[PDB]
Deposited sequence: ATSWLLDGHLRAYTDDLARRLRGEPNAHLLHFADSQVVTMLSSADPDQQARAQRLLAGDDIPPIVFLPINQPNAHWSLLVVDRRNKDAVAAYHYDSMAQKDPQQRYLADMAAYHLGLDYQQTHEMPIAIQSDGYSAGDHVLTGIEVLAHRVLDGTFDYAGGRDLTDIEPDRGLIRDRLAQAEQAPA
């Protein structure tokens, strides 16, 4: 009924990170702040440099969830897995029924500013939204995070999100715990 702001995504991923604390493999995960993602493209050099450090520094974990904001328009999810530095993998999930060139452009610029070859990013299936782009992003992060923890993320098909079922309800419930 309403759309999610950067702050809602941040509050959800903050809470998620707390829920996952101490689990097998949780230290491999980094939930990026969406405003920091936006800043990779900033014209202010020091804004972009900061963003590069926070998301691609020498100590940022190698599996990074990057919410891609099309401001007041749409959300999607870019996942970057750089555990293997000679074979970085990147996955883009867009739930929008009829894709718009802007969204993948924003993901590609993010990949580009992270030092990646944007042409290598896989356009991945995710449940198609039937105002809920945000829900689909949060749900995809949560599902994929649990697959990293339980070690099924690396199986063939382990990054497929075709079958997710986002719900405003449990997101609201998790957001109400703050």
| query | finding |
| --- | --- |
| Deposited-sequence segments unaccounted for in the coordinates | 1, 132-133, 182-186 |
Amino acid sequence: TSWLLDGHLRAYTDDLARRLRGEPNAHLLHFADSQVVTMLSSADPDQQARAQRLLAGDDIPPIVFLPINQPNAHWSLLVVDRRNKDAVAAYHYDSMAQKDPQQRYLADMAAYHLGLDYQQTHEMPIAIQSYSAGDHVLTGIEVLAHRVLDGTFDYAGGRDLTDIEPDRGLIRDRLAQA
From here on, numbers count along this sequence of modelled residues.
| property | result |
| --- | --- |
| Of 119-127 and 60-68, the one with larger mean CA B-factor | 119-127 |
| Stretch with the greater mean C-alpha B-factor as recorded in the entry, comparing 147-155 against 40-48 | 40-48 |
| C-alpha B-factor winner, where the candidates are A89, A107, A97, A73 | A97 |
| Position of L55 among the chain's modelled residues by C-alpha B-factor, lowest, middle or highest third | highest |
| Within-chain third of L170 by Cα B-factor, per the entry | highest |
| Third of chain Cα B-factors occupied by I164 | highest |
